[PDB]
Amino acid sequence: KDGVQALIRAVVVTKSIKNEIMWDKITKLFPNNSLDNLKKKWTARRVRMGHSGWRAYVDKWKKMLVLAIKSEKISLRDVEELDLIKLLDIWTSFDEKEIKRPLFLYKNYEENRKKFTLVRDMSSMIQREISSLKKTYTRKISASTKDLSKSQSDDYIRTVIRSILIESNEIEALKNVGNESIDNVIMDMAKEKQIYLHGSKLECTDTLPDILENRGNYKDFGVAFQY
Amino acid sequence: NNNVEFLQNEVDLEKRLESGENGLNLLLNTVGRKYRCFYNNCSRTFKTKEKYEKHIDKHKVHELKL
Amino acid sequence: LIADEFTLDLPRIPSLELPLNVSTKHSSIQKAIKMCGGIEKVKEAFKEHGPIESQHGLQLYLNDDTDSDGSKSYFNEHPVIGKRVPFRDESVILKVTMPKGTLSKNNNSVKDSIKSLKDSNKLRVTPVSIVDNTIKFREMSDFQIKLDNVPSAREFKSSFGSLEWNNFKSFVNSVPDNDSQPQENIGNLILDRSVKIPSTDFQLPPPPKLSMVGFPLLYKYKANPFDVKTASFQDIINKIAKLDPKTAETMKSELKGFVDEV
Amino acid sequence: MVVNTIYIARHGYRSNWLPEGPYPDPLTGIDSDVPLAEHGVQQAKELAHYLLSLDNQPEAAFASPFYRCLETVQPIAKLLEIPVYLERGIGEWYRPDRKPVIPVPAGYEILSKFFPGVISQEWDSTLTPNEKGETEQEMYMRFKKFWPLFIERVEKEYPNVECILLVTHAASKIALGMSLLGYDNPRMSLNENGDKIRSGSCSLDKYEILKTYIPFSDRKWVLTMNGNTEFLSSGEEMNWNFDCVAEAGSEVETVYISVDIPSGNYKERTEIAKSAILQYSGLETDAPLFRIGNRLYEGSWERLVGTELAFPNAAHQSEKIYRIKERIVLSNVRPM
Ligand SMILES: [Zn+2]
């Protein structure tokens, strides 16, 4: 029973790598009932953490797994073969690196900012009615710093990178951009699955081409114009 | 869906961006940038920077021979 | 100096999100709860349970004044329906405790009322309750029909809606003991000419629900995924003339030719 | 440990506070042991409903045995369905030179006539006030002695009681709280901005442990609710403090805000855990920081596209309807 964190991590490891909860193989990791108590306890446990807790586990697992592969602490074949023992030992050996108490706040606002550099983070009729009742409509009066120029310039790098990769000895549009920024954008596009990379050739993933091909139905507008 | 392949591309990008490439090199290599020799009476061309560096190093070797 | 550790042991209370701009006066908040049928209806509506398809919910009237005869100023208004939110994310209500006239000096904003007292000890803030049940109005309003100038509707409103005895006697004394012309227009009985109505209008009263769906349907200009072609121009106009020669003669006098949509 | 939440409440509105008489004499015959006014009859019933609505109700109630205090707990005991015990240790304070005399409270045998089945006798007092009255120093020492003895009696007379209610008097409430927190004297402020434990009519506090037997003398108590009086139709009245010379009983532009915790999915509900604590900083800023249990959050100020009305009387002649319009939408935060 004490291995409940090992069960949560086994669900995260399976559903992140194989896209589904591989219950058949999870059963062979931590000894329990044939599916039932594992499935019941998992289902009961997730509702106590919600989508916010699930994302905390997924984001931490993704971060541990890239650091582990970057430092070669696992061989890629063990990931493909789904060696749950090794994969769970990766989070195990990583969790040994830090410890902390439940957080607290100081009464002065500025003091919290000095102490901590906190990081910010189609269907049936009844499903539409459910979704439409949960939403709140609110007019934003204020928020954190707008940071418009950096955000705009960062998106201008996205525009210029996409404009290269969509079809085709110099680049002009990036000349005025800081050489440090390009690294962040190509990295973000990799995380967001928008690109692939041969030994020195970037390529766009089929998502950018497909979204333009599906949503940009200009051949239909041509027929409508004639009609 | 190609999750381990995506992790492979992602970590490999992060390796290559640490192996001295400015990122703008990976862009330029798709755009059409061939490198070319600059030495007296040399004009040869390369589709990767490592092959250009080897060729310029062969010119350093030529200067050492001379 | 640590920030104060307040309790969340607090009472759990219900809430109502009105799609109306309710001002701070008692008169306004009172009128708002009267649009839903009174505080008894609102409290009862929070206690309903079961499948959302079946929930009667709360009925909201956007027009609910009363005329000089005590009848409703807009008899026939189909209501806006509200239902309990199926999964209301819990939220905490905070009480902000300002000096008199701080709110007005801050253009009625609480944000600015906090910021304008940044260094004060007078401005207490404390959690008061958690909300975990809410009624929201979110489906469209139904097709509305106006009966203000329909003779029989005026007679009904001014009798069965007003409860005036003079009007009620006059009404029942006018109801025939037996009706000899149930095939003819009710206008033949109700003589009143103060109202403009065409004799093509049978004064047919409107149904209690016209839109059988509260949300828009998914047409999206898509066909469902789940012979006059041979006729002459004279034959087509002859078929139209079988029911009404006026449209057929009008067409022959104006059109140059049919086209199949192919 | 067993006792982990302590509630302390001031008695209801006294009959001698009315603008005109005839003021009724003490039915118990003891000097100053007056009955509760109609305000006290109503407001003690309010506090009974309010404590019943909390998901952390008391399991035993200890009254200072004066008539007004036992009268205050009577509706609480009836509606919550809990046992009542005497405790003279949480008794009233009288300065030594009081004229005509220092009153002494009635006993279980006579109280049983006024409070049949409400009161119970299976508890003798932990300690008792000086019959000649008390200086403020001797008075504060009385409360300092009381607490470590009282809990060590409660946790042994009763095996599993975790939450307790004390019903008592303005000086006693403040002194009990200040000594439970450990201050050198009860005239100190809680903080440099000058806050003190409030003590108006029906006013309630909550003391709780921060987040096997550990000495009560070693444990640290947090004042998590500090004069709560929202459940009163006339609000808090007759407030008092040790800054007052006289013995006790002888413009606030309020607005409401909703702090919402939206979950990243529509098929599920964000639920605030039962024993949680709230802290905040920076409501004056455009990005306030909020703690709700284990997780930190950062807000955003927003105005609702409509009006939200909340009904506090409808908890799970007049309604205390709140208008809600400004909101602080909380996004999660990662500590770095
Ligand atoms: Zn060369």
Check your understanding: So what is the diffusion coefficient of chain A in µm² per second by Stokes-Einstein at 37 °C and 0.692 mPa s, using a Kirkwood Rh over Cα pairs?
Key -> 143
Revision key, fill the gap. Hydrodynamic radius by Kirkwood for segment A:1-88, inverse mean 1/r across distinct Cα pairs, in Å, is 13.6
Practice item. Could you list the square roots of 5 times each eigenvalue of the Cα gyration tensor of chain B, that is, the equivalent ellipsoid semi-axes, sorted largest first and rounded to whole Å? Key: 33, 13, 8
Exercise for review: Note the per residue figure in Å³ for the convex hull of the C-alpha positions in chain D.
Suggested key: 190
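Tell me what chain C gives for mean residue ellipticity at 222 nm when only DSSP H runs of n ≥ 4 count, each as -39,500 (n - 2.57), the sum divided by the residue total, rounded to 500 deg cm²/dmol.
Taking each H run of at least 4 residues, the total per residue is -6000 deg cm²/dmol.
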Exercise for review: Grab the beta carbon distance between C:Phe202 and D:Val305, set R0 = 35 Å, and tell me the FRET efficiency rounded to 0.05.
Suggested key: 0.25
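Rounded to two decimals, what ratio of Rg to Rh does segment A:108-227 give with C-alpha atoms and a Kirkwood Rh? Numbers along the way, then the final one.
Values: Rg = 21.3 Å, Rh = 19.5 Å.
Reported Rg/Rh, Kirkwood definition of Rh: 1.09.
Assuming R0 = 25 Å, can you tell me the calculated FRET efficiency for the pair C:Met212 and C:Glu40, based on Cβ-Cβ distance, to the nearest 0.05?
Between C:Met212 and C:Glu40 the formula returns 0.30.
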Study note, to complete from the structure: Scoring only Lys, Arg, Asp and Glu (+1, +1, -1, -1) among other residues with Cβ under 10 Å from the Cβ of D:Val222 yields 0
Check your understanding: By the scheme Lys and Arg +1, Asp and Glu -1, what is the net charge of all other residues having a beta-carbon under 15 Å from that of C:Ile135?
Key -> +2
Practice item. Would you kindly give the portion of the calculated P(r) for segment D:1-144 that falls above 28 Å, as a percent of all Cα pairs? Key: 21
Review point. Chymotrypsin sites (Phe, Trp or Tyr not before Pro) within chain B: which are DSSP loop residues with at most 12 other Cβ atoms inside 10 Å?
Key: B:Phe38
Review point. Using only helices, what value at 222 nm comes out for chain B when you add -39,500 (n - 2.57) per DSSP H run of length 4 or more and divide by the total residues, to the nearest 500 deg cm²/dmol?
Key: -20000 deg cm²/dmol
**Study point:** Residues in segment D:37-63 that a label on D:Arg219 would reach, taking backbone N under 17 Å of a point 7 Å out along Cα→Cβ
**Key:** D:56-62
Point to revise | GluC sites (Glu not before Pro) restricted to segment C:29-108 and DSSP loop, no more than 13 other C-beta within 10 Å | key: C:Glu53
**Study point:** Scattering profile of segment D:156-305 at q = 0.20 Å⁻¹ [log10 I(q)/I(0), Debye over alpha-carbon scatterers]
**Key:** -1.42
**Study point:** segment A:1-124 - charge dipole about Cα centre, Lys and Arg +1 at Cβ, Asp and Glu -1, debye rounded to 20
**Key:** 560
Study note, to complete from the structure: When the charge dipole of segment C:196-260 is computed with +1 at the Cβ of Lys and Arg and -1 at the Cβ of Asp and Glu, the Cα pointing farthest to the positive end, of C:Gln234, C:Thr250, C:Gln203, is that of C:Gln203
Review point. Which percent, nearest 5, of DSSP beta bridges in the protein assembly as shown are antiparallel?
Key: 75
Review point. Viscosity 0.890 mPa s, temperature 25 °C: Stokes-Einstein D of segment C:158-212 from its Kirkwood Cα radius, in µm² per second?
Key: 177
Practice item. Give, rounded to the nearest 20 debye, the magnitude of the charge dipole that the protein assembly as shown has about its Cα centre when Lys and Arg contribute +1 at Cβ and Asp and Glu contribute -1 at Cβ. Key: 2900
Practice item. For chain B, calculate the relative contact order in percent as a whole number, restricting contacts to Cα pairs under 8 Å that are 6 or more residues apart. Key: 18
Check your understanding: For the protein assembly as shown, what does the equivalent ellipsoid look like in terms of its semi-axes, each the square root of 5 times an eigenvalue of the Cα gyration tensor, given largest first in whole Å?
Key -> 62, 53, 25
Revision key, fill the gap. Given all pairs of distinct Cα atoms, segment A:24-144 yields a Kirkwood Rh in Å of 19.5
Revision key, fill the gap. Ordered by number, the GluC sites (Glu not before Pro) in segment D:70-123 that occupy a DSSP loop and have at most 12 other Cβ atoms within 10 Å are D:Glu81, D:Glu122
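Restricting to DSSP H runs of at least four residues, report the calculated mean residue ellipticity at 222 nm for chain D, -39500 (n - 2.57) per run over all residues, nearest 500 deg cm²/dmol.
Theoretical 222 nm ellipticity from helices: -7000 deg cm²/dmol.
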Review point. Which Rg and Dmax, in Å, describe the Cα atoms of segment C:141-252?
Key: 22.8, 67
Review point. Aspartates and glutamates near B:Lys49 by alpha-carbon distance under 17 Å, same-chain residues fewer than 8 away left out - which ones?
Key: A:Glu170, B:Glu18, B:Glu21, B:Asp57
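Cβ sites come from the backbone with ideal geometry, for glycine too, and all protein chains shown count toward neighbours. Values in this text are rule-based calculations from the coordinates and carry no lab data.
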